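Okay, here we've got a single chain as structure tokens, the form deposited in one PDB entry, with questions on binding and movement later.
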């Protein structure tokens, strides 16, 4: 019961499941309604779950209740006293950031894009400060509300090309490997959801990174933004910025917006000669 100290217990009579929107660890995820009704997403733990699954499920509910931040997905509450058990979160019409950007290519200003990154960074600074390592930070795990506010979430695995070398090589997941992932997310946002490293295979990505190659500048990208994402990709974990540094830089760039007008050179893959 203590694990749920920051959570609100919701009575099952207040919940209606409507459509399956995913598969959980041991159950389905539903779109539904919560008692004027509020649309919600509902992750269930179905009959037969193991002890480890229950510990992980209630632990997830407990940390989500603990988190209270503008840029972290909101937990409405939990059903733990009845079966099936449920984790109930807010629901976003705009959905996941990766698909959102790919469906809105070129529709936002540079300031809007950088504002999204500042929000993600603030949520990640909060998680890291709370001693929570995400391990799967990627645009597909970020929700976008109708104010363009980005909320860090974790929908479980669908991530070599988002993962820092030390996490791949020896399973060292820390806030600093999350920083590497954040740099990849910066590149996803500034490219409107391009696939990191395009068609390179997972092995080719790892070999390129080990050889010293890094993702090139997105088109029309502020110089300061590319500089920041590049420093997230330093091989040496200790040399990467902390999330506090990232938030501070992004905030200062937004608040002095002329700083974003200087653009990094873009390397064309294709030459078009015209008179």
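What we label the rigid core is the largest C-alpha set whose atoms superpose within 1.5 Å from one form to the other. Positions refer to the first chain, counted from 1.
Just so it is clear, the following notes concern the form deposited in another entry, a form of the same protein that is not shown.
Once the core is superposed between this form and the one not shown, every option in 58, 228, 215, 209 stays below 2 Å in C-alpha shift except 58.
Superposition of the core reveals a Cα shift of less than 2 Å for residue 242 between this form and the one not shown. Superposed on the core, the two forms differ at residue 85: its CA moves 2 Å or more between this form and the one not shown. Superposition on the rigid core between this form and the one not shown places the CA atom of residue 46 2 Å or more away from its counterpart. CA of residue 45 to CA of residue 99: closer by 3 Å or more in the other entry than in the shown form.
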